[PDB]
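First up is the structure itself, then whatever we jot down about it.
In what follows, chains are A, B, ... by sequence order, proteins preceding strands, each numbered from 1. All values below were derived from every heavy atom in this structure, side-chain atoms included, with hydrogens, water molecules and symmetry-related copies excluded.
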Amino acid sequence: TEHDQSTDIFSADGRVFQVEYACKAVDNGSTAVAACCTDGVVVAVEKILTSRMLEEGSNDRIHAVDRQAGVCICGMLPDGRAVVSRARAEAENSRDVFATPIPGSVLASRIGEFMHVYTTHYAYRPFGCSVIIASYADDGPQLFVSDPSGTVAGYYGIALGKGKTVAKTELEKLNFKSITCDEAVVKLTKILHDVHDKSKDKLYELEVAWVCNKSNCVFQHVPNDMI
Amino acid sequence: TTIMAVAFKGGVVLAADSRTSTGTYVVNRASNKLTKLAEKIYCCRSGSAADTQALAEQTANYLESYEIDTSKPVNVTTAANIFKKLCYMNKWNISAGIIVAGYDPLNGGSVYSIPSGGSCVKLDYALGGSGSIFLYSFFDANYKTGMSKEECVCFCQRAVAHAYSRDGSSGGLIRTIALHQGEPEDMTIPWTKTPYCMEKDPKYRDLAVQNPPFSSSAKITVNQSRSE
């Protein structure tokens, strides 16, 4: 069992255990959900509070990375913040060098590449976060997830963290072709209130954001009255 | 050198002469100054042949990579921005005036000018090279927006012929290419079929009277043609 001490070693079965362990940190974190409508994309996440004395906005998990795109972090927040910085730099590079807003599919593939490189070298460890990427540039609305292995995929709806098995069940009873961004906020918030476990985590709040036609394809937090 | 690009309804026409010279001797009488950057994006090159060939090649390399990474065809504005950056970072060591022009489905036909110094300007038409100075007035008097593709080819051929009849540093063939949603159409006119030259204009057929014969009058008539 020396094979699980660094990310630069395969096990006999063809696995990389340090990356699996990093994934377990995401699976024990707070729940997130997201949905891709015909207008846009909506993201929502549960924040577990550690004190009743925090200001509002503390330890935000959702961050803008360009005018038209945003990221939500699951698992370890300071690791997520390092990925947010990288993503900001790739979006700026696309505007400065190629004179375009970065397409959603390209942004997700660069984030994946960046995360993968920390699974290859004896001197670094894998990130302990999964990132939800939400974008609306010239390729339409797009929602992607990148995990600690650096694997990247596109979704119509998705859930992450410790409530994900149940939350997935409830996202399967939505109609993705038809739904608008105002309905979505009500349904997504409901799923998150229902999976919350009241024994373990006593204090919590919800954080919600979107990018859609209503907002002029600007990625932003929803106004706190719509919850 | 005489280069230009003009927008029309749904695309662009680029045009040039074919001469490369060391000042008073012609090293190549059939150069090609319309250089391909992507399927529907071309540039026109003026100044140092070495510098423009090198920066066109580098710009093309970067556009091919970008197109593979996104799986889509590139926009004219991206080619102009990449080219501008190379002209501006190297401005003290090069001699280059560029025009980038092409077609894409987002913005249609577009023309950008990148003169010495590395500025970037988006226009309806652009002129460049030693011969451009002869054409500002030709366009001010005879150019209109909304020409058709065939009008615009014919207009640019005529414009190039006027500039090269007066500019000693331009001459030879007229090359054109038209870019739109269909396939690119190139054309080469030989000097023998040029739509204008001084040599065949009837107002320049009769010679000036510089050498009148020795006479008993101050009236000026004809040039002497035979010995007395």
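Of the N and O atoms on the side chains of B:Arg175 and B:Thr188, at least one donor lies less than 3.5 Å from an acceptor on the other residue. A:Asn175 and A:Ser178 share a donor-acceptor pair across their side chains, judged by distance under 3.5 Å alone.
Salt bridge absent: B:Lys72 and B:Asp104 never bring a charged side-chain N and a carboxylate O closer than 4.0 Å. A salt bridge links B:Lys33 to B:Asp17: one of the charged nitrogens lies within less than 4.0 Å of a carboxylate oxygen. A salt bridge between A:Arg86 and A:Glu90 is present, with a side-chain N of the basic residue lying under 4.0 Å from a carboxylate O of the acidic one. A:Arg95 and A:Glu92 are not joined by a salt bridge, as no carboxylate oxygen comes within less than 4.0 angstrom of a charged side-chain nitrogen. Using a cut-off of 4.0 Å between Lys/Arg side-chain N and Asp/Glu carboxylate O, A:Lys190 and A:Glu170 are scored as not salt-bridged.
Residues in residues 56-114 of chain B take part in these ring pair (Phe, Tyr, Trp, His ring centres under 6.0 Å) pairs, two or more places apart or across chains: A:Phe98-B:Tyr66. Sorted by first and then second residue, the salt bridge (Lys or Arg N to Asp or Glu O under 4.0 Å) pairs with a member in residues 122-140 of chain A read A:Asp79-A:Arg125; sequence neighbours excluded.
Residues A:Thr119 and A:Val16 are not in side-chain contact: their nearest non-hydrogen atoms beyond the backbone lie 4.5 Å or more apart. Under the 4.5 Å side-chain criterion, counting only non-hydrogen atoms from C-beta, A:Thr7 is not in contact with A:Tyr124. The side-chain heavy atoms of A:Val152 and A:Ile111, taken from C-beta on, include no pair separated by under 4.5 Å. The side-chain heavy atoms of A:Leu107 and A:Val65, taken from C-beta on, include a pair separated by under 4.5 Å. Two residues are said to be in side-chain contact when any heavy atoms from C-beta on lie closer than 4.5 Å; B:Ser110 and B:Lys122 meet this criterion. A:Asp182 is listed as a side-chain neighbour of A:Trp210, based on a closest heavy-atom distance under 4.5 Å. A heavy-atom distance below 4.5 Å is found between the side chains of A:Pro141 and A:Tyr136. A:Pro148 is listed as a side-chain neighbour of A:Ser130, based on a closest heavy-atom distance under 4.5 Å.
No more than 12 heavy-atom neighbours from other residues, nucleotides or ligands sit within 6.0 angstrom of CD on B:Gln181. More than 12 heavy atoms of other residues, nucleotides or ligands sit less than 6.0 Å from atom NZ of B:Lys84. Applying the 6.0 Å contact sphere to CD1 of B:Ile133 captures no more than 12 heavy atoms from other residues, nucleotides or ligands. Residue A:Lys187 qualifies as open at atom NZ: its count of foreign heavy atoms under 6.0 Å is 12 or below. Heavy-atom neighbours of B:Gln53 CD from other residues, nucleotides or ligands within 6.0 Å: above the threshold of 12. Under a cut-off of 6.0 angstrom, the local environment of CZ in A:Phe176 is crowded, with over 12 non-hydrogen atoms contributed by other residues, nucleotides or ligands. For CD of B:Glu183, the number of neighbouring non-hydrogen atoms (other residues, nucleotides, ligands) closer than 6.0 Å is 12 at most. In A:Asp8, the CG atom is crowded: over 12 heavy atoms of neighbouring residues, nucleotides or ligands sit closer than 6.0 Å.
Ring-centre distance between A:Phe127 and A:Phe114: below the 6.0 Å cut-off.
At least one donor-acceptor pair under 3.5 Å links the side chain of B:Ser18 to the backbone N or O of B:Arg29.
When all heavy atoms of B:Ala101 and B:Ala5 are compared, the closest pair comes out as CB-CB, 4.2 Å.
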B:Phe134 and B:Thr2: side-chain contact (heavy atoms from CB on, under 4.5 Å), yes or no, with the steps?
CA-CA 10 Å; B:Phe134 297 102; B:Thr2 308; over 6 Å; no
I would like to know whether A:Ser149 and A:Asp147 meet side chain to side chain donor-acceptor pair (under 3.5 Å); could you show each step before the answer?
CA-CA 6 Å; A:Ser149 74; A:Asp147 68 59; 2.6 Å; yes
Apply the test side-chain contact (heavy atoms from CB on, under 4.5 Å) to residues A:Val117 and A:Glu113: give CA-CA distance (whole Å), side-chain angles for both, the deciding distance (0.1 Å), then the verdict.
CA-CA 6 Å; A:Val117 72; A:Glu113 290 158 18; over 6 Å; no
For the pair A:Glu207 and A:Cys72, evaluate side-chain contact (heavy atoms from CB on, under 4.5 Å) and give the outcome as yes or no after the intermediate values.
CA-CA 10 Å; A:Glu207 188 186 3; A:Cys72 172; over 6 Å; no
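Ring-plane geometry between B:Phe155 and B:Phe138 is classed as tilted, the angle between the planes lying from 30 to 60 degrees on a 0 to 90 degree scale.
Paired with A:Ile132 under the rule side chain to side chain contact (heavy atoms under 4.5 Å, CB included), one option of A:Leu160, A:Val71, A:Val41, A:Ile62 passes, and it is A:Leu160.
Cation-pi geometry between A:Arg15 and A:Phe17 is satisfied (NZ or CZ under 6.0 Å from the ring centre, within 45° of the ring normal).
Take A:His121 and apply the side-chain hydrogen bond (donor to acceptor under 3.5 Å, both in side chains) test, not counting sequence neighbours, and it matches no residue.
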